[PDB]
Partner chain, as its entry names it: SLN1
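Take a look at this single chain, the form solved without its partner chain, given in structure tokens.
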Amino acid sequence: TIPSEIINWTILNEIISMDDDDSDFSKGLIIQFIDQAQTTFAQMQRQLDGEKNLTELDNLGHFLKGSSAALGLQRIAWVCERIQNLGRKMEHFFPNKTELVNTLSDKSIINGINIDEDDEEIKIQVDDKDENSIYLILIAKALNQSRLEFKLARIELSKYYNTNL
């Protein structure tokens, strides 16, 4: 089950302690993650729209799962594990946006935003001859969830650091 909190404070507080003798330490880590995440989402999108290679989608997901987990962005890590697992054909289902957002502990973070704003259209035609169709479409869905979870994390990190991240 997807964690309810966007940020795992147990983890992030530990990274933040190390800001005492290095002011920009944690913040530099986040800014670096923000950049890597945007590049990975674009590459995942390019796969879905181009060669549709599940192995690369696996590597991409795996990679982002690591970065995000280290920083305590647990909901992003969870969706990345879904992408990895379904690109590896080990999973066959991905929940709807409505179920996933209902898991938030503080639903107020979603009050002024449009949950589908960052959505990309699923341009995969169901092809019952391509054994990879359903997985590609499920990954397309998970990618859309990742994008929302990424936005939610930036909103939270922004209020903590007090600046647009």
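Only the largest set of C-alpha atoms that superpose within 1.5 Å between the two forms is called the rigid core. Positions refer to the first chain, counted from 1.
The form deposited with its partner chain bound exists for this protein as well; it is not shown, and the discussion that follows is about that form.
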{"item": "Whether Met18, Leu29 and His62 all lie within 4.5 angstroms of its partner chain in the deposited bound form by heavy atom", "value": "yes"}
{"item": "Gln45, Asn132, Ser67, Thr103 - the one with a heavy atom within 4.5 Å of its partner chain in the deposited bound form", "value": "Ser67"}
{"item": "Close approach of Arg88 to its partner chain in the deposited bound form, 4.5 Å, heavy atom", "value": "yes"}
{"item": "Exercise: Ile155 in contact with its partner chain in the deposited bound form, heavy atom 4.5 Å", "value": "no"}
{"item": "Close approach of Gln36 to its partner chain in the deposited bound form, 4.5 Å, heavy atom", "value": "yes"}
{"item": "Heavy atom contact within 4.5 Å of its partner chain in the deposited bound form, the stretch among 120 to 128, 104 to 112, 136 to 144, 51 to 59", "value": "51 to 59"}
{"item": "Answer among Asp127, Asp35, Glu117, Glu51 for the CA shift between this form and the one not shown that reaches 2 Å or more, rigid core superposed", "value": "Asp127"}
{"item": "Sense of CA distance change between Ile139 and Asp127 in the deposited bound form, threshold 3 Å", "value": "farther"}
{"item": "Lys129 and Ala142, C-alpha gap in the deposited bound form relative to this structure (3 Å or more)", "value": "closer"}
